[PDB]
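What follows is a short report on a single structure.
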């Protein structure tokens, strides 16, 4: 499939739901430099954003129904320096 960049997100929006993010840059050889970028009202995640600076695989909690934002991934390798688009959404279950 993708060559050099792997970006996708696994997170189901629910009060106390399941979150997960994955981003790994594998272009023929090991990458040079890469860092994550996101826009989430809950942006306060120092240790979490550190792992995001270089993650490969991440797990989060949907404990908050306000964790809906547009994520993003950035990789820079002489052999494949580009960006990525990631997304995460956490909200409350609309019961009928």
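Residue numbers (the deposited numbering): 1 to 96. Beta carbons: idealized from backbone N, C-alpha and C, even for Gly.
Work out the CA separation of residue j and residue i for me, nearest whole Å.
| i | j | result |
| --- | --- | --- |
| residue 88 | residue 35 | 17 angstroms |
| residue 76 | residue 82 | 6 angstroms |
| residue 47 | residue 58 | 12 angstroms |
| residue 52 | residue 1 | 23 angstroms |
| residue 11 | residue 33 | 26 angstroms |
Taking 8 angstroms as the cut-off, decide whether the C-beta atoms of residue i and residue j are in contact.
| i | j | result |
| --- | --- | --- |
| residue 93 | residue 24 | no |
| residue 20 | residue 72 | no |
| residue 65 | residue 90 | yes |
| residue 40 | residue 67 | yes |
Can you name the residues that DSSP bridges to residue i?
| i | result |
| --- | --- |
| residue 78 | Note: residue 78 sits in no beta bridge, so no partner. |
For the ligand NAP, is there any heavy atom lying closer than 7 angstroms to the beta carbon of residue i?
| i | result |
| --- | --- |
| residue 40 | This structure lacks the ligand NAP; in fact it carries no ligand of any kind. |
In chain order, which continuous runs of the beta strand (DSSP E) of length 3 or greater are located wholly inside the segment 14-63? 21-24 and 33-39
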